Amino acid sequence: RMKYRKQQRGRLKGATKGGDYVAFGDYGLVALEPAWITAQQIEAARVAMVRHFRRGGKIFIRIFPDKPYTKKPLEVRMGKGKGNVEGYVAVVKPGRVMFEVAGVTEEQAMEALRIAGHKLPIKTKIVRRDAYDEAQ
Amino acid sequence: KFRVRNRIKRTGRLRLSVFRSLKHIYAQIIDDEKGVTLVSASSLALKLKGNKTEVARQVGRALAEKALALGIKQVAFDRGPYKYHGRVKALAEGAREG
Amino acid sequence: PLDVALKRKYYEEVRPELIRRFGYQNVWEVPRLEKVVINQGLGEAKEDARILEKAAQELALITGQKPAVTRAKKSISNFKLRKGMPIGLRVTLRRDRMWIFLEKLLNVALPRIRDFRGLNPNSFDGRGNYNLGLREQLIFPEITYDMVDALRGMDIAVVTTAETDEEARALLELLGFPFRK
Amino acid sequence: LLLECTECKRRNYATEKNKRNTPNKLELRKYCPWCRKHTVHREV
Amino acid sequence: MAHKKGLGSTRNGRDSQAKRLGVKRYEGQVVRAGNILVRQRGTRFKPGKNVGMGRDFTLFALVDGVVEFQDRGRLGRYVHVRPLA
RNA sequence: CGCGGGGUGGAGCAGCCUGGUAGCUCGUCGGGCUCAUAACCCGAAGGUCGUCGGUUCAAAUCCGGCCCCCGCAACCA
RNA sequence: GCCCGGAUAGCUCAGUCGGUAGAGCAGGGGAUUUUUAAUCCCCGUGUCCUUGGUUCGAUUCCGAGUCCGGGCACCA
RNA sequence: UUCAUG
RNA sequence: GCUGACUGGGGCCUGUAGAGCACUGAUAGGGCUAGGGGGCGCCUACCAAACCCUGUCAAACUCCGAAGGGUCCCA
RNA sequence: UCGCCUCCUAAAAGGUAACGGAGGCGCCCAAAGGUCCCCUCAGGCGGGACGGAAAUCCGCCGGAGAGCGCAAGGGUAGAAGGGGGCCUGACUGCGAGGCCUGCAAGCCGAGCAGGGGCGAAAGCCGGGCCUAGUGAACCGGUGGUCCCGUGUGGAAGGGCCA
RNA sequence: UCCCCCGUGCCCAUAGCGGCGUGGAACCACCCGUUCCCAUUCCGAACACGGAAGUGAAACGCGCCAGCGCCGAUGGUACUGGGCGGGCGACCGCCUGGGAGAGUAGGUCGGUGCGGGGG
Ligand SMILES: [Mg+2]
Ligand SMILES: [Mg+2]
Ligand SMILES: [Mg+2]
Ligand SMILES: [Mg+2]
Ligand SMILES: [Mg+2]
Ligand SMILES: [Mg+2]
Ligand SMILES: [Mg+2]
Ligand SMILES: [Mg+2]
Ligand SMILES: [Mg+2]
Ligand SMILES: [Mg+2]
Ligand SMILES: [Mg+2]
Ligand SMILES: [Mg+2]
Ligand SMILES: [Mg+2]
Ligand SMILES: [Mg+2]
Ligand SMILES: [Mg+2]
Ligand SMILES: [Mg+2]
Ligand SMILES: [Mg+2]
Ligand SMILES: [Mg+2]
Ligand SMILES: [Mg+2]
Ligand SMILES: [Mg+2]
Ligand SMILES: [Mg+2]
Ligand SMILES: [Mg+2]
Ligand SMILES: [Mg+2]
Ligand SMILES: [Mg+2]
Ligand SMILES: [Mg+2]
Ligand SMILES: [Mg+2]
Ligand SMILES: [Mg+2]
Ligand SMILES: [Mg+2]
Ligand SMILES: [Mg+2]
Ligand SMILES: [Mg+2]
Ligand SMILES: [Mg+2]
Ligand SMILES: [Mg+2]
Ligand SMILES: [Mg+2]
Ligand SMILES: [Mg+2]
Ligand SMILES: [Mg+2]
Ligand SMILES: [Mg+2]
Ligand SMILES: [Mg+2]
Ligand SMILES: [Mg+2]
Ligand SMILES: [Mg+2]
Ligand SMILES: [Mg+2]
Ligand SMILES: [Mg+2]
Ligand SMILES: [Mg+2]
Ligand SMILES: [Mg+2]
Ligand SMILES: [Mg+2]
Ligand SMILES: [Mg+2]
Ligand SMILES: [Mg+2]
Ligand SMILES: [Mg+2]
Ligand SMILES: [Mg+2]
Ligand SMILES: [Mg+2]
Ligand SMILES: [Mg+2]
Ligand SMILES: [Mg+2]
Ligand SMILES: [Mg+2]
Ligand SMILES: [Mg+2]
């Protein structure tokens, strides 16, 4: 929503801050390969889950599309493309926990996060609970 | 604060740093690049009772005689809270021509 | 002079009264008085020769000290003045001049504001620092109707050497400030 | 406009740049000339 | 057919020629009077002993000597030529 | 698909000058005229100045850029 | 860049070739007023661009300067 | 001498 | 006429990879709570600034910031 | 779009491209220059008569988040910010030394002299906090000039300096 | 020769902020006055001069405190010169040297020169 952006491709290299743990909720989709998760795939997986376990619990989208994916309108090369074909893209490296469902039981969570991984372009693991923690 | 620092706008050597207290006035020739105080002079712990303009003149006389006691002729005035005034160092024996 | 009547009342009653009140441990621990500032907002710098520095002389003849025109820091376009300059009058009164001004204020000026049920003792709040406004500027014992053109309500702020508000409360209420309870 | 200070009925244009609406009009600046040191140097 | 069905007005091909900034005589270089040391835009390197600051903060040695630096932390990163003999 | 041009009162338009000073006709509302409607006359009033973000003390004014509308091109094969 | 002409009211302008300041329109008031114009009578918004100067007194004359409208001319 | 209609 | 590419020892420079929010911005959940919405008189869900814990992202952000690279000296 | 400046792409020296991303300049300023002396910001908390929620005032917490004419960085209060006084160094001759570069340009420049400014003095001042704000040459103009003056004296016209 | 105080620097927060007590023989400051120099777009508030009647109350100095701050290892990952592979790809793996950032343990309210004045 701010500072100037038709920003570059970057490169989806090594993942360490790209992937720490699951913080919110109990269960979590977690990526196993670096890929560009669009806003459309975020909304698609999230409305797969919330409609799967209907009126259910909390589904924290810990990623956020913050990168203008740019697409030229089928022509040659004069400058950057018009920007944001479907919109923005969360640059996701592996080990990153993308979605977390909260409180809803394992039978809905494992058959919801699997649907989210089926609409996402990344081969995923699904983590249960009891990750990295810090408190005494 | 009195952040004035007409300290560090002195890079020429032999820095005569003054101190105008409520009671005395102190003065000391410091050397730069090797910070060692060479000569110094208090006012009331040297001489005359607290008539401070005349005794601040007399502490300068005594300090310049202390400076020519080891042969130093070109110096540079200091003490950023100066307001160069009735705290006088109108002197002979120091060829700063101050 | 040096024997202001309010200053004498301070130095002879109030400081031992505050000592025997709070159980002080120092003569300088008592709240002294060090500042009475008078501010005049006065956003009036339009055309048709709007000078309006007669009020500076008016404030000077009230207090006994020629106030300074203070240029506005920030320029805002809501009230149309801009670019620093035009007007705000400030005067700052310290010792015996502050005391003769408070002799003119507390005994002669406030007793009169047009109703004057009192002052506002919610106004200190944390520092020493009692601030109080004035709607009509001509309550003072110098200036009546035939020396002005318009109403020039100032606001004063008296600052104490008091850490809290209770200490400055107990100071100024015996110096002669009334209050509202 | 680009205006040059002359030594007073003499040589030595001194070649400043004035801002004519904001003040000008007998621009007077003491200046060191090529010959006879220091003068008044009104512009143009 | 190659229906060239577009154009595009670029707007951002513009760059100033770079300035060769930075330091030029590092710690231990035997510089001479007027040999410039730091070519900078701010005053990242504050001038110390025997080093003048230029108009655009070009640090430069006022004497014949060997450069040494120091980072005075809060104060700044002084670059001063200590003279030789 | 790319240029350049508009957006201002209910509508059609002036405009607005580096930005601070906004209107015109008709329409409108109230009156006056008239048996009554027209027409005419008198009083005002009405607008987030295309949304949005920008530097600005301050934007309708200037800079972008996005949505509708207009005028252009879209050629050589 | 030179060369002309001009700075007179809210606007456009004439000036006894120094001894008085003025039109015309606009604005207002007043008369008739179906409508608005037109018409009629009366007042102004006036340092006569700015100063210096010549004269007894300056719009007038003299120079300087500023804006102001042009005419030609190059333009490396 | 102006001036349209129920 | 051993200075050279290369290397070793020193000394510096720098702000990339990383990483982190100390700034400029974008940010997800929860608590707190200034201005608009529910009838609105005090009033009502993160419909909503700052704080607050917990989360993150950045070529045009850097409190940090290596590998290295550059330069100078002695080899 | 063509030159210049700022970032970024630029891969921790430099440089480095594309019709790659994102902005600017064609100026300004006789104080926004010099020097001497003072003073600290924005913000938030409170408190104050008209007073906007940010006028002005007071008091705390405020180290730079304010300001520096202008875009952007770099910088910066131990001033480059704000104010006051005095002024003209927005000098004339040069300039060791470098930076940079293909040349041409561009940039910094201590120091010496003349002559001044400011300050008690140390010192600082050859424009502005800095990097943009421009233009080789040629041909002319204008002001000086100890230069040339087509036999000679002088002019024409040249040069040189501005 | 040691603590005490005053200036003055160095390292630049491991020394800062906020607390919590102490200091007044001196020193230092606040103070008492504006005649004296010079003062503040107003105000001897600041600056300055005169004083020494009083006080450590602020300010400052010097101690304890970890609350905030700041510093912060050992490790170990990241990253990577250099090499060699897998991966149609996005990219990853191994060896070789380096080796962070955050974090955690913790460390921490100075250390140190120089000249004076004092028991
Ligand atoms: Mg000093
Ligand atoms: Mg010209
Ligand atoms: Mg210089
Ligand atoms: Mg309108
Ligand atoms: Mg319309
Ligand atoms: Mg009607
Ligand atoms: Mg054809
Ligand atoms: Mg005329
Ligand atoms: Mg006129
Ligand atoms: Mg005529
Ligand atoms: Mg007519
Ligand atoms: Mg007519
Ligand atoms: Mg008339
Ligand atoms: Mg008249
Ligand atoms: Mg005349
Ligand atoms: Mg005359
Ligand atoms: Mg031409
Ligand atoms: Mg008719
Ligand atoms: Mg008809
Ligand atoms: Mg009909
Ligand atoms: Mg019928
Ligand atoms: Mg990175
Ligand atoms: Mg952030
Ligand atoms: Mg930043
Ligand atoms: Mg290194
Ligand atoms: Mg490199
Ligand atoms: Mg060798
Ligand atoms: Mg580089
Ligand atoms: Mg300046
Ligand atoms: Mg208040
Ligand atoms: Mg108020
Ligand atoms: Mg700032
Ligand atoms: Mg500009
Ligand atoms: Mg900077
Ligand atoms: Mg000044
Ligand atoms: Mg060259
Ligand atoms: Mg050059
Ligand atoms: Mg250049
Ligand atoms: Mg500049
Ligand atoms: Mg040619
Ligand atoms: Mg011949
Ligand atoms: Mg001849
Ligand atoms: Mg010359
Ligand atoms: Mg320390
Ligand atoms: Mg505590
Ligand atoms: Mg105690
Ligand atoms: Mg004692
Ligand atoms: Mg002190
Ligand atoms: Mg104390
Ligand atoms: Mg660490
Ligand atoms: Mg570490
Ligand atoms: Mg501590
Ligand atoms: Mg310690």
# chains A, B, ... in the order shown; residues from 1 in each chain; ligands from 1

call {"tool": "residues_around", "arguments": {"residues": "residue 50 in chain I", "least_positions_apart": "2", "cutoff": "12 Å", "atoms": "only C-alpha atoms (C1' of nucleotides)", "output": "PyMOL selection string"}}
result
(chain I and resi 32-34+52) or (chain J and resi 44)

call {"tool": "interface_residues", "arguments": {"of": "chain J", "to": "chain C", "cutoff": "6 Å", "atoms": "only C-alpha atoms (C1' of nucleotides)", "output": "PyMOL selection string"}}
result
chain J and resi 47-49+56-58

call {"tool": "residues_near_ligand", "arguments": {"ligand": "ligand 34", "cutoff": "6 Å", "atoms": "only C-alpha atoms (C1' of nucleotides) and all ligand atoms", "output": "PDB file with C-alpha atoms (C1' of nucleotides), in the first residue's frame"}}
result
ATOM      1  CA  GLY E  42      28.957  13.600   3.704  1.00  0.00           C
TER       2      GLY E  42
ATOM      3  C1'   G J  74      25.592  11.051   2.254  1.00  0.00           C
ATOM      4  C1'   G J  75      26.004  14.077   6.491  1.00  0.00           C
TER       5        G J  75
END

call {"tool": "residues_near_ligand", "arguments": {"ligand": "ligand 46", "cutoff": "9 Å", "atoms": "only C-alpha atoms (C1' of nucleotides) and all ligand atoms", "output": "list in words"}}
result
residues 21, 22 and 23 of chain K

call {"tool": "residues_around", "arguments": {"residues": "residue 67 in chain I", "least_positions_apart": "6", "cutoff": "10 Å", "atoms": "only C-alpha atoms (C1' of nucleotides)", "output": "PyMOL selection string"}}
result
(chain I and resi 17) or (chain K and resi 79-81+98-100)

call {"tool": "residues_near_ligand", "arguments": {"ligand": "ligand 6", "cutoff": "8 Å", "atoms": "only C-alpha atoms (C1' of nucleotides) and all ligand atoms", "output": "ChimeraX atom specification"}}
result
/F:28-30

call {"tool": "write_last_selection", "arguments": {"atoms": "C-alpha atoms (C1' of nucleotides)", "output": "PDB file, in the first residue's frame"}}
result
ATOM      1  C1'   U F  28     -33.996  25.198  -8.862  1.00  0.00           C
ATOM      2  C1'   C F  29     -36.519  27.213  -4.550  1.00  0.00           C
ATOM      3  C1'   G F  30     -39.439  31.363  -2.681  1.00  0.00           C
TER       4        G F  30
END

call {"tool": "atom_distance", "arguments": {"atom1": "CA of residue 86 in chain B", "atom2": "CA of residue 44 in chain B"}}
result
16.3 Å

call {"tool": "select_by_dssp", "arguments": {"residues": "chain D", "states": "strand (DSSP E)", "output": "PyMOL selection string"}}
result
chain D and resi 2-3+5-6+16-17+42-43

call {"tool": "write_last_selection", "arguments": {"atoms": "C-alpha atoms", "output": "JSON list (two decimals), in the first residue's frame"}}
result
[["chain", "number", "residue", "atom", "x", "y", "z"],
["D", 2, "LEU", "CA", 24.62, 39.00, -14.59],
["D", 3, "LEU", "CA", 26.04, 42.37, -13.56],
["D", 5, "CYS", "CA", 30.93, 45.89, -10.64],
["D", 6, "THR", "CA", 33.08, 48.69, -12.03],
["D", 16, "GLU", "CA", 28.62, 39.18, -9.90],
["D", 17, "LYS", "CA", 25.09, 37.87, -10.42],
["D", 42, "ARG", "CA", 29.23, 50.16, -8.02],
["D", 43, "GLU", "CA", 27.71, 47.66, -10.43]]

call {"tool": "interface_residues", "arguments": {"of": "chain A", "to": "chain I", "cutoff": "10 Å", "atoms": "only C-alpha atoms (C1' of nucleotides)", "output": "PyMOL selection string"}}
result
chain A and resi 1-5+7-10+14+16-18+22-25+58-67+90-91

call {"tool": "residues_near_ligand", "arguments": {"ligand": "ligand 9", "cutoff": "8 Å", "atoms": "only C-alpha atoms (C1' of nucleotides) and all ligand atoms", "output": "VMD selection string"}}
result
chain G and resid 9 to 11

call {"tool": "write_last_selection", "arguments": {"atoms": "C-alpha atoms (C1' of nucleotides)", "output": "PDB file, in the first residue's frame"}}
result
ATOM      1  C1'   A G   9     -10.058  57.626 -12.943  1.00  0.00           C
ATOM      2  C1'   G G  10     -12.334  50.976 -12.734  1.00  0.00           C
ATOM      3  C1'   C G  11     -10.855  51.015 -18.463  1.00  0.00           C
TER       4        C G  11
END

call {"tool": "residues_near_ligand", "arguments": {"ligand": "ligand 1", "cutoff": "7 Å", "atoms": "only C-alpha atoms (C1' of nucleotides) and all ligand atoms", "output": "PyMOL selection string"}}
result
chain B and resi 5-7+17+78-80

call {"tool": "write_last_selection", "arguments": {"atoms": "C-alpha atoms", "output": "PDB file, in the first residue's frame"}}
result
ATOM      1  CA  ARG B   5      32.815  23.731  22.942  1.00  0.00           C
ATOM      2  CA  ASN B   6      35.124  26.532  22.028  1.00  0.00           C
ATOM      3  CA  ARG B   7      37.293  23.672  22.962  1.00  0.00           C
ATOM      4  CA  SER B  17      42.290  26.487  29.339  1.00  0.00           C
ATOM      5  CA  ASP B  78      40.335  28.359  25.571  1.00  0.00           C
ATOM      6  CA  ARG B  79      37.407  27.705  27.990  1.00  0.00           C
ATOM      7  CA  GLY B  80      34.323  27.764  25.773  1.00  0.00           C
TER       8      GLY B  80
END

call {"tool": "residues_around", "arguments": {"residues": "residue 50 in chain G", "least_positions_apart": "2", "cutoff": "12 Å", "atoms": "only C-alpha atoms (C1' of nucleotides)", "output": "PyMOL selection string"}}
result
chain G and resi 7+47+52+64-67

call {"tool": "write_last_selection", "arguments": {"atoms": "N, CA, C and O atoms (P, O5', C5', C4', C3', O3' and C1' of nucleotides)", "output": "PDB file, in the first residue's frame"}}
result
ATOM      1  P     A G   7       2.143  59.516 -21.398  1.00  0.00           P
ATOM      2  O5'   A G   7       1.814  58.490 -20.233  1.00  0.00           O
ATOM      3  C5'   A G   7       0.510  57.943 -20.105  1.00  0.00           C
ATOM      4  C4'   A G   7       0.523  56.643 -19.346  1.00  0.00           C
ATOM      5  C3'   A G   7       0.560  56.788 -17.834  1.00  0.00           C
ATOM      6  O3'   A G   7      -0.182  55.735 -17.232  1.00  0.00           O
ATOM      7  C1'   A G   7       2.515  55.677 -18.573  1.00  0.00           C
ATOM      8  P     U G  47      -4.762  58.767  -7.510  1.00  0.00           P
ATOM      9  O5'   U G  47      -3.238  59.223  -7.559  1.00  0.00           O
ATOM     10  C5'   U G  47      -2.552  59.645  -6.382  1.00  0.00           C
ATOM     11  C4'   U G  47      -2.274  61.127  -6.425  1.00  0.00           C
ATOM     12  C3'   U G  47      -1.780  61.635  -7.776  1.00  0.00           C
ATOM     13  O3'   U G  47      -2.382  62.885  -8.086  1.00  0.00           O
ATOM     14  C1'   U G  47      -0.226  62.219  -6.097  1.00  0.00           C
ATOM     15  P     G G  52      12.075  64.842  -6.090  1.00  0.00           P
ATOM     16  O5'   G G  52      13.538  65.123  -6.641  1.00  0.00           O
ATOM     17  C5'   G G  52      14.667  64.496  -6.055  1.00  0.00           C
ATOM     18  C4'   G G  52      15.844  64.566  -6.978  1.00  0.00           C
ATOM     19  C3'   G G  52      15.987  65.887  -7.689  1.00  0.00           C
ATOM     20  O3'   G G  52      16.585  66.883  -6.887  1.00  0.00           O
ATOM     21  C1'   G G  52      16.136  64.173  -9.272  1.00  0.00           C
ATOM     22  P     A G  64      18.666  59.793 -20.544  1.00  0.00           P
ATOM     23  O5'   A G  64      18.725  59.146 -19.095  1.00  0.00           O
ATOM     24  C5'   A G  64      19.947  59.088 -18.378  1.00  0.00           C
ATOM     25  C4'   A G  64      19.709  58.688 -16.950  1.00  0.00           C
ATOM     26  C3'   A G  64      18.876  57.439 -16.787  1.00  0.00           C
ATOM     27  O3'   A G  64      19.643  56.264 -16.958  1.00  0.00           O
ATOM     28  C1'   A G  64      18.054  59.112 -15.347  1.00  0.00           C
ATOM     29  P     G G  65      19.093  55.079 -17.886  1.00  0.00           P
ATOM     30  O5'   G G  65      18.086  54.306 -16.927  1.00  0.00           O
ATOM     31  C5'   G G  65      18.523  53.878 -15.649  1.00  0.00           C
ATOM     32  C4'   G G  65      17.379  53.653 -14.695  1.00  0.00           C
ATOM     33  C3'   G G  65      16.225  52.805 -15.189  1.00  0.00           C
ATOM     34  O3'   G G  65      16.505  51.419 -15.189  1.00  0.00           O
ATOM     35  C1'   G G  65      15.383  54.681 -14.049  1.00  0.00           C
ATOM     36  P     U G  66      15.822  50.473 -16.287  1.00  0.00           P
ATOM     37  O5'   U G  66      14.398  50.138 -15.666  1.00  0.00           O
ATOM     38  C5'   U G  66      14.290  49.556 -14.377  1.00  0.00           C
ATOM     39  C4'   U G  66      12.911  49.745 -13.801  1.00  0.00           C
ATOM     40  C3'   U G  66      11.779  49.151 -14.614  1.00  0.00           C
ATOM     41  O3'   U G  66      11.620  47.760 -14.416  1.00  0.00           O
ATOM     42  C1'   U G  66      11.224  51.359 -14.037  1.00  0.00           C
ATOM     43  P     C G  67      11.829  46.755 -15.651  1.00  0.00           P
ATOM     44  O5'   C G  67      10.419  46.755 -16.395  1.00  0.00           O
ATOM     45  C5'   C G  67       9.363  45.905 -15.969  1.00  0.00           C
ATOM     46  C4'   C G  67       8.096  46.679 -15.706  1.00  0.00           C
ATOM     47  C3'   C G  67       7.063  46.695 -16.816  1.00  0.00           C
ATOM     48  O3'   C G  67       6.294  45.510 -16.899  1.00  0.00           O
ATOM     49  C1'   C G  67       7.338  48.884 -15.983  1.00  0.00           C
TER      50        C G  67
END

call {"tool": "residues_near_ligand", "arguments": {"ligand": "ligand 41", "cutoff": "12 Å", "atoms": "only C-alpha atoms (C1' of nucleotides) and all ligand atoms", "output": "list in words"}}
result
residues 150, 151 and 152 of chain J

call {"tool": "write_last_selection", "arguments": {"atoms": "C-alpha atoms (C1' of nucleotides)", "output": "PDB file, in the first residue's frame"}}
result
ATOM      1  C1'   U J 150      52.038  46.972 -43.497  1.00  0.00           C
ATOM      2  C1'   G J 151      57.773  53.331 -45.099  1.00  0.00           C
ATOM      3  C1'   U J 152      57.376  56.941 -40.871  1.00  0.00           C
TER       4        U J 152
END

call {"tool": "residues_around", "arguments": {"residues": "residue 58 in chain B", "least_positions_apart": "5", "cutoff": "9 Å", "atoms": "only C-alpha atoms (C1' of nucleotides)", "output": "ChimeraX atom specification"}}
result
/B:43,47-48,53,63,89,91

call {"tool": "residues_near_ligand", "arguments": {"ligand": "ligand 19", "cutoff": "9 Å", "atoms": "only C-alpha atoms (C1' of nucleotides) and all ligand atoms", "output": "PyMOL selection string"}}
result
(chain F and resi 39) or (chain H and resi 2-4)

call {"tool": "select_by_dssp", "arguments": {"residues": "chain B", "states": "helix (DSSP H, G or I)", "output": "PyMOL selection string"}}
result
chain B and resi 52-68

call {"tool": "interface_residues", "arguments": {"of": "chain K", "to": "chain E", "cutoff": "10 Å", "atoms": "only C-alpha atoms (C1' of nucleotides)", "output": "ChimeraX atom specification"}}
result
/K:11-13

call {"tool": "residues_around", "arguments": {"residues": "residue 89 in chain A", "least_positions_apart": "5", "cutoff": "10 Å", "atoms": "only C-alpha atoms (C1' of nucleotides)", "output": "count of residues only"}}
result
17

call {"tool": "residues_around", "arguments": {"residues": "range 67-74 of chain F", "least_positions_apart": "5", "cutoff": "9 Å", "atoms": "only C-alpha atoms (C1' of nucleotides)", "output": "PyMOL selection string"}}
result
(chain E and resi 4-6) or (chain F and resi 1-7+50-51)

call {"tool": "residues_near_ligand", "arguments": {"ligand": "ligand 36", "cutoff": "8 Å", "atoms": "only C-alpha atoms (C1' of nucleotides) and all ligand atoms", "output": "list in words"}}
result
residues 100, 101, 103, 104 and 105 of chain J

call {"tool": "write_last_selection", "arguments": {"atoms": "C-alpha atoms (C1' of nucleotides)", "output": "PDB file, in the first residue's frame"}}
result
ATOM      1  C1'   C J 100      39.684  11.520 -11.865  1.00  0.00           C
ATOM      2  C1'   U J 101      40.101  10.510 -16.822  1.00  0.00           C
ATOM      3  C1'   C J 103      42.062  13.357 -24.452  1.00  0.00           C
ATOM      4  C1'   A J 104      39.248  17.546 -23.293  1.00  0.00           C
ATOM      5  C1'   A J 105      36.830  18.497 -18.968  1.00  0.00           C
TER       6        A J 105
END
